[PDB]
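# Any chance you could fold what I've pasted below:
(2 chains)
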Number of protein chains: 2
Amino acid sequence: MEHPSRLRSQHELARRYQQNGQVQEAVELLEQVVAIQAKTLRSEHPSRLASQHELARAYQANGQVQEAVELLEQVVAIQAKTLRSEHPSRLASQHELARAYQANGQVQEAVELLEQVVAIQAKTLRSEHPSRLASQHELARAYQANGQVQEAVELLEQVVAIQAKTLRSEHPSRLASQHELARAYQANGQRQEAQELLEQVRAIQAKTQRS
Amino acid sequence: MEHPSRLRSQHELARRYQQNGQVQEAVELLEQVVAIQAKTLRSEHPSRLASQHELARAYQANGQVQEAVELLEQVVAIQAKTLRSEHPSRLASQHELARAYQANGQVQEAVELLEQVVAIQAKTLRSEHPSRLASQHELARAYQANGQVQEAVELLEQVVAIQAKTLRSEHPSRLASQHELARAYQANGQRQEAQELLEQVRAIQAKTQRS
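Numbers count the residues shown, from 1 in each chain, chains lettered A, B, ... in the order given. Sure, structure below:
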């Protein structure tokens, strides 16, 4: 095949399949992509690594979590040698491996990867960037699943404090982080605080949305 | 709020939530986005329509199919007045409404929308474009669910014939369309043809992938 890197186009076809429930078909598509690129591209080639990342995502969507973990461990190991910590593709595969680890009950390993992603994004992205916020919320949930509920509260209290100085009370992201904090408070046995915060969020949502 | 169009950033946060199973949280985020933009932006404003499209996708992911259908019907009706048929956003919401209709058992309506999307993409996109191919495969499946199995076979036979002249036998898209055609043959009672074609696909996949 002329230019096997151009099989990047197949990532979108796979995504379309997954959205309609055709998760098996997506895995079969990307297995063929990965096999073609394995014959033609070096193991450190970013196009080859990108397709392995996409195949691992497809594996997880098809319930093949162990397969996803093993493939992402390979991608992350190769990128740990070839890419800086701040490289967006390195961060993307660390994040995806943390997702797969979580699905596989490997909660400690997921926390370690998400701490890395959150620490690096604290440098490279602004506080209201949705990718940065999403990773903070994901880390908080991973903390809770690893018995580190106090650390989830500490993290989310800091996020919420910053948003109180930067975003309007009605901003969807400010409300989202307050909801996540209320969840963390509940897991931490701070149930009165959780109830109070949830009431505040619901009141703002009602004012904004209720016709 | 200063520039409510910039709440487009929240679409990515919602997508991150959905990927981790937090589909309720995604709906709540986008309900707030849509409410804020409803107070500030005209009904035909593309940013407002984009958030309604994203909310409808979130509704479907959260099992709220009727809500998704009703909201997309509104978006599609407004865009039928404001956008050309070839506008990519018009096509995107027609496609998404067809998805919601399918989930809601409204198979005829889904077929009509997908025929429109496929007819327009036959002009605007090349034959191997993954979005064009995905819509062709989706239309074929909608045909089958609407008792139009012969039309699915006709469509996919034409796709496969074109690919035989443009793509290598090992190309993931060529194999994907042959698999879809075999499925259509089976639904059409052409079970020997389906078996034959499936065997061909599996043989090529084995040759490419088997170590």
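
# how close does residue A:173 get to residue B:24?
17 Å (C-beta to C-beta, to the nearest Å). Every C-beta, even on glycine, is put in place using the N, C-alpha and C of the backbone.

# ok, now residue A:2?
Taking C-beta to C-beta, one finds residue A:2 at 46 Å from residue B:24.

# For those two, work out which one has more neighbours and name it.
residue B:24 (15 against 7; other C-beta atoms under 10 Å in any protein chain shown).

# How about the contacts made by the more buried one?
By C-beta atoms under 8 Å, 6 or more residues apart in numbering or on different chains, residue B:24 lies in contact with residue B:62.

# In three-state terms, how would it be classified?
helix (DSSP: H, G, I helix; E, B strand; the rest coil).

# how close does it sit to chain A?
Plainly put, residue B:24 is 10 Å away from chain A if you go by C-beta to the nearest C-beta, to the nearest Å.

# I'd like to know how far that residue sits from residue A:26.
25 Å.

# what helix or strand does the residue nearest to residue A:25 when sequence neighbours are not counted sit in?
Leaving aside its sequence neighbours, residue A:25 sits nearest to residue A:17 (C-beta to C-beta, 6 or more residues apart in numbering or on different chains; 4.8 Å). According to DSSP states H and E, residue A:17 maps onto helix A:10-19.

# which residues are in contact with that helix?
A:23, A:25-26, A:29-30, A:33, A:50-51, A:54, A:58, A:61, B:99, B:130-131, B:133-134, B:137-138, B:172-173, B:176.

# Now for residue A:42, which secondary structure element holds it?
Counting by DSSP H and E, residue A:42 is part of no helix or strand.

# quick one, phi/psi of it?
phi -60, psi 150 (degrees, to the nearest 10).

# residue contacts, it?
Residue A:42 sits next to residue A:48 when contact means C-beta under 8 Å, 6+ apart.

# what comes up buried for the helix holding residue A:17?
A:10, A:11, A:13, A:14, A:15, A:16, A:17, A:18, A:19 (16 or more other C-beta atoms under 10 Å in any protein chain shown).

# what does stretch A:104-115 give?
Buried residues in stretch A:104-115, counted by 16+ other C-beta under 10 Å: A:104, A:106, A:107, A:109, A:110, A:111, A:113, A:114, A:115.

# can you put those residues in CSV and add distance to residue A:202?
Output for the buried residues of stretch A:104-115, formatted as CSV (distance: C-beta to C-beta, whole Å):
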residue, distance to residue A:202
A:104, 35
A:106, 35
A:107, 30
A:109, 36
A:110, 30
A:111, 30
A:113, 33
A:114, 28
A:115, 31
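
# if you look at these, which of them are in strands?
Judged by DSSP state E, strands contain none of those.

# Out of those, which is nearest to residue B:144?
residue A:104 (35.6 Å; C-beta to C-beta).

# rewinding a little: export the helix holding residue A:17 to CSV, keeping only CA atoms.
Taking C-alpha atoms only, helix A:10-19 is exported to CSV below (Å, rounded to 0.1, in the frame of the first residue of the first chain):
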residue,chain,number,x,y,z
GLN,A,10,-10.3,4.9,8.9
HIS,A,11,-10.3,6.3,12.5
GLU,A,12,-13.4,8.3,11.6
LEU,A,13,-15.2,5.3,10.0
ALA,A,14,-14.5,3.3,13.2
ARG,A,15,-15.9,6.2,15.3
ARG,A,16,-19.1,6.3,13.2
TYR,A,17,-19.5,2.5,13.6
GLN,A,18,-19.2,2.8,17.4
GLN,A,19,-21.8,5.5,17.6
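
# Figure out how far it is from the centre of its chain.
19 Å (C-alpha atoms, centre = their mean, to the nearest Å).

# Among the buried residues of stretch A:104-115, which pair sits farthest apart?
Most distant of these, by C-beta to C-beta, are A:104 and A:115, 18.2 Å apart.

# So residue A:128 is in contact with residue A:165, correct?
No - at 11.4 Å, residue A:128 and residue A:165 do not qualify as touching, with contact defined as C-beta atoms under 8 Å.

# between these two, who's got more neighbours?
A count of neighbours by other C-beta under 10 Å puts residue A:128 above the other of residue A:128 and residue A:165, at 17 against 7.
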